[PDB]
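Here the structure is laid out as structure tokens; the discussion comes afterwards.
A, B, ... follow the sequence lines: proteins, then strands. Residue 1 opens every chain.
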Amino acid sequence: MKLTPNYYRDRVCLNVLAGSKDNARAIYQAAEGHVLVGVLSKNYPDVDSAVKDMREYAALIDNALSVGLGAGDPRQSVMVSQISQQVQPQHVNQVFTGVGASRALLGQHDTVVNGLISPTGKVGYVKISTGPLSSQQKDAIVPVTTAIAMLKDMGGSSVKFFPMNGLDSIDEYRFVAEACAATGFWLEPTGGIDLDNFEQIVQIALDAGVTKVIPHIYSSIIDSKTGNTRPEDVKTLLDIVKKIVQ
Amino acid sequence: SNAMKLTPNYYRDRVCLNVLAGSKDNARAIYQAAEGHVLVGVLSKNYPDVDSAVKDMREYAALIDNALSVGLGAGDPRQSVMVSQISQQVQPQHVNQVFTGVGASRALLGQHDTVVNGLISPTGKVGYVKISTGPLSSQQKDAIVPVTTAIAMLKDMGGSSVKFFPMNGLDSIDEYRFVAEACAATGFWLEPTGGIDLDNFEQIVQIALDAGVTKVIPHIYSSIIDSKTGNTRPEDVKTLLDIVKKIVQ
Ligand SMILES: [Br-]
Ligand SMILES: [Br-]
Ligand SMILES: [K+]
């Protein structure tokens, strides 16, 4: 079963949450396969139960599975590394201090492992103290290029730039995308992305020269009555992707 | 194919050299010296017909695990149709074409793995490239078009990369840089060609990598060829490899 995401035209793959197993199947079909379906470690009492249920999801969607911390929660980073070791998904969400352990325990470099780093309000400078203890200490704020080189040194695949707050951090995001393009590194914009800002946010990464972009799109496409990601919103997003990835 | 690989062996999925062979033994030595991260050019113009070119190029391919680049011969557009016919039969990793030969070559290849470049040229004007590089069109008034539009036409024709030629080394640096940023933006690949030597190679490749170009196939020809033998110097290929390993990180 494949360990790399199904990028559309090798450039863009959606990342969205599933509300259930049936929703995961529908999302996977709506995206024509060009999606990673997020399942949260935080929903299981232990590693064994999470691994079991995630392999059930993986089987429905040809392994197009993204293992989630749950809202970037660093307290889930160890459990994510353990779950991902057994599940061998296509995608893993990590915080900056959990990238090395996750890569090492996966035992291969095909699974995409992202590394959560955060806007600071100043272009070119990012917060990287995003682990469970380090997130409680004075912030570690470093140059974007150096943060990327450190993620690469630790075996990471991509930056998760979070929380973006939609377009509120757009100049910082653009500088990160330009730095990713220059280093061969991939990019996952996350936080407040929706049907109105998604095209611009992806277009900025594309125009900067980012090789692979994995946007995450969550509450803005989720039906609150069922907790499901709406398949019609996934198609709307896939149409945008086909329009701008040529 | 006969299960031979149809895509170049890029080093870390980013950069693959392209250099000419002066003989079969030379092709083997080059392939060794590059640790396989090379496409070895053999030229259609060196053969009297399609069948003989196919036969001979199949022999080269066998020595080098298909790491063969079918050449026009110094981008000569009169060889364009023969390159399309040769490439159909040989199924190499790489094909050099002029802009007006990309669609026929891709169609006769019958698959999209083999890399097919399309020759487009500096104009002196950043953002604008000459695309009338086929046998008849090269003799008419230049067709000059926006870089982004030339890339989109190459994609529409089945092409994989821009061959930007003649670069004259660093002489067209501002134009080259623009092309590199436009390829990175559009997910398209780039093959800088013309006047590259061991002293400007790093800077020329670094420009493409800093722009974010996903695959870069630089061409390095007479500056590394021993004119006494016609053979590409395997030690010059090693020096190139070492730069690639330094900068592709
Ligand atoms: Br997460
Ligand atoms: Br040529
Ligand atoms: K760029």
Side-chain angles (χ1 to χ4, degrees), chain A residues 3-13 34 108-110 112 144-159 173-187 199-214 240-246, chain B residues 7-8 10-16 37 111-113 115 118 127 146-162 176-190 202-217 244-249:
Chain A
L3 303 172
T4 59
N6 191 3
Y7 306 94
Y8 176 79
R9 289 187 187 194
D10 221 38
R11 196 84 197 267
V12 177
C13 188
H34 306 300
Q108 38 74 13
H109 283 265
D110 291 326
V112 166
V144 167
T145 43
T146 306
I148 291 157
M150 294 178 77
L151 289 172
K152 288 171 70 166
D153 286 335
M154 296 178 306
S157 305
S158 59
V159 159
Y173 169 64
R174 182 186 271 111
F175 186 93
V176 169
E178 287 161 346
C180 285
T183 48
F185 211 51
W186 310 332
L187 180 59
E199 182 175 340
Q200 178 179 3
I201 285 174
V202 179
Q203 189 71 53
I204 283 170
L206 299 178
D207 291 350
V210 183
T211 299
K212 318 287 188 175
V213 187
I214 298 170
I240 292 170
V241 173
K242 287 182 167 163
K243 186 173 79 178
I244 64 176
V245 177
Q246 298 159 352
Chain B
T7 59
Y10 302 99
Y11 175 78
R12 296 198 175 175
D13 262 304
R14 290 295 297 281
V15 177
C16 185
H37 305 296
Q111 36 77 14
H112 206 86
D113 297 323
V115 173
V147 171
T148 48
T149 309
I151 285 164
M153 295 174 75
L154 285 174
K155 291 180 171 169
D156 286 334
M157 294 178 316
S160 311
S161 60
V162 160
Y176 170 62
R177 184 178 321 99
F178 189 98
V179 169
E181 317 235 56
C183 286
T186 55
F188 210 61
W189 306 339
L190 184 50
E202 177 170 350
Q203 180 183 354
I204 283 165
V205 179
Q206 190 67 64
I207 281 166
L209 300 175
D210 288 351
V213 183
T214 301
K215 304 277 190 281
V216 187
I217 299 171
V244 170
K245 288 178 176 190
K246 186 176 62 178
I247 67 180
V248 180
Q249 270 188 312

*For the student: nearest non-hydrogen atoms of A:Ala181 and B:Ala211, plus distance*: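 Shortest heavy-atom separation between A:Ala181 and B:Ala211 comes out as CB-O, 4.2 Å.
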*Where do A:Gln246 and B:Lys155 come nearest, in terms of heavy atoms and distance?*
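Here A:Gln246 and B:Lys155 meet closest at C-NZ, 3.6 Å.
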*Atom group of B:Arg14 that falls short of 4.5 Å from chain A, counting heavy atoms*: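 Answer is side chain: those atoms of B:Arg14 sit under 4.5 Å from chain A.
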_Looking only at heavy atoms and a cut-off of under 4.5 Å, which of A:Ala182, A:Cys180, A:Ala149 has the most pairs with chain B?_
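The answer is A:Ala182.
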